[PDB]
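K.L.:
an experimental structure, sequence included, is below.
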Amino acid sequence: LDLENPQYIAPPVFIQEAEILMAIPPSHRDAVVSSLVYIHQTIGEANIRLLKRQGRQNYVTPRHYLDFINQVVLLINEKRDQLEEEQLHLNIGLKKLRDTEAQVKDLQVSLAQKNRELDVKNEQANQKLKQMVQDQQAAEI
Amino acid sequence: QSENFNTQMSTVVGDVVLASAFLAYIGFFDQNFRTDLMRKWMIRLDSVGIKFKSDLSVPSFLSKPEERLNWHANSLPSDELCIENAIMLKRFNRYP
Amino acid sequence: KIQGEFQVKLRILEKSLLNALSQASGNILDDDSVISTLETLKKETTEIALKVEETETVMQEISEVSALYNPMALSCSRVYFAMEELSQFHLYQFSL
């Protein structure tokens, strides 16, 4: 299960812990896995607090840590997958938008090229309509 | 919609961890203890350096909105507690 | 609850926009698929920019109505546990 993160940094507190087993600079996997140990232990504490504060008793044997670890992996496989499939559709689709816009954005410019030419082929030609009047009318004299 | 996931996909690691412990240790404890434990697990994930939704909703994060409504219809308290237990009785892993 | 359609109707509408693009790339500016599908998307997308206008009413009414009943609801809770304290006498046993 890929529990490694490249952008990780491993804060000071975690570092001072890794030593005083975890490659010189604590890695992400260490961050997650190390936490699993913490979480599991907090229960022992919580179970003692209960028996004390309240009137009930509970136990937290390794059987739980396994149920815990097994649960931890199952979800990261379920949630990650659904998330990826959802990003696959978003990524693939987004490629069409960025690209299709390039085909259209430029096409509009090429179409503007035709109109940029018509202004000369129509205005200058329409000018022939001016010499037609200035000549024919003046020739009507 | 794509940006939103980049963040979701980054907290998936933390959300799973928290939701997991909730499904293997919480069950027994009551509101007070349950709430307390969660805070500790989150404070830890922060001290270490792991991303996770600030206001993670285990019940929601572990069950579609359509599934819950059915539970109540099948005679189940509508409080914030029983909704959590309903989640545990589903994704359980060691016979409730 | 209706928000269940918003997601799906948008989920399918997205697959159509793509399945409609894998046909253009030639008569783009003069194609219905790349024109209609997208037009449908834009219109129906303003649903959370137009309809939510009433959402703020529910998201509010719920809390307002609750606080207007919570004081009363709370009373029942205390009234109940009062009986649960009567269990002190073997004879007075009251189940929730």
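P.N.:
Sure thing, it's come through. Residues are numbered from 1 along each chain as shown, chains lettered A, B, ... in the order given.
K.L.:
neighbouring contacts of the lengthiest helix in chain B?
P.N.:
With secondary structure taken from DSSP state H, chain B has its longest helix at helix B:2-22. Contact partners of helix B:2-22, identified using C-beta atoms under 8 Å, 6 or more residues apart in numbering or on different chains, comprise A:3, A:5, A:32, A:35-36, A:39-40, A:68, A:71-72, A:75-76, A:79-80, A:83-84, A:86-87, A:90-91, A:94, B:37-38, B:41-42, B:45, B:50-53, B:56, B:58, B:61-62, B:84, B:88. Placement of C-beta: from N, CA and C, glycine included.
K.L.:
can you select the buried ones from those residues in ChimeraX?
P.N.:
Applied in ChimeraX, the following selects the buried portion of the contacts of helix B:2-22 according to 16 or more other C-beta atoms under 10 Å in any protein chain shown:
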select /A:3,5,32,35,36,39,40,68,71,72,75,76,79,80,83,86,87,90 /B:37,38,41,42,45,50,51,52,56,58,61,62,84,88
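K.L.:
report the separation between residue B:70 and chain C.
P.N.:
Counting by C-beta to the nearest C-beta, to the nearest Å, the gap from residue B:70 to chain C is 12 Å.
K.L.:
can you check residue B:13 too?
P.N.:
Plainly put, residue B:13 is 25 Å away from chain C if you go by C-beta to the nearest C-beta.
K.L.:
so who does the most centrally placed residue in chain B touch?
P.N.:
When C-alpha atoms, centre = their mean is applied to chain B, the residue found nearest the centroid is residue B:58 (1.7 Å). Contacts for residue B:58 were tallied using C-beta under 8 Å, 6+ apart; they are B:18, B:19, B:22, B:84, B:87.
K.L.:
now do residue A:58
P.N.:
By C-beta under 8 Å, 6+ apart, residue A:58 lies in contact with A:47, A:50, A:51, B:28, B:29.
K.L.:
report the buried members of those residues.
P.N.:
Going by neighbour count (16+ other C-beta under 10 Å), these have A:47, A:50, B:29 buried.
K.L.:
those residues: which ones sit near chain C?
P.N.:
Filtering the buried ones among the contacts of residue A:58 for proximity to chain C by C-beta under 8 Å from any C-beta of the partner chain leaves nothing.
K.L.:
count of residues packed around residue A:100?
P.N.:
Residue A:100 sits with 16 neighbouring residues when counted by other C-beta atoms under 10 Å in any protein chain shown.
K.L.:
give me the element it is part of.
P.N.:
Residue A:100 belongs to helix A:62-126 when assigned by DSSP states H and E.
K.L.:
any idea how far residue C:25 is from the residue lying closest to residue C:16 once chain neighbours are set aside?
P.N.:
Spatial nearest neighbour of residue C:16, chain neighbours left out: residue C:37 (5.2 Å); criterion: C-beta to C-beta, 6 or more residues apart in numbering or on different chains. Shown here: residue C:37 relative to residue C:25, a distance of 15 Å by C-beta to C-beta, to the nearest Å.
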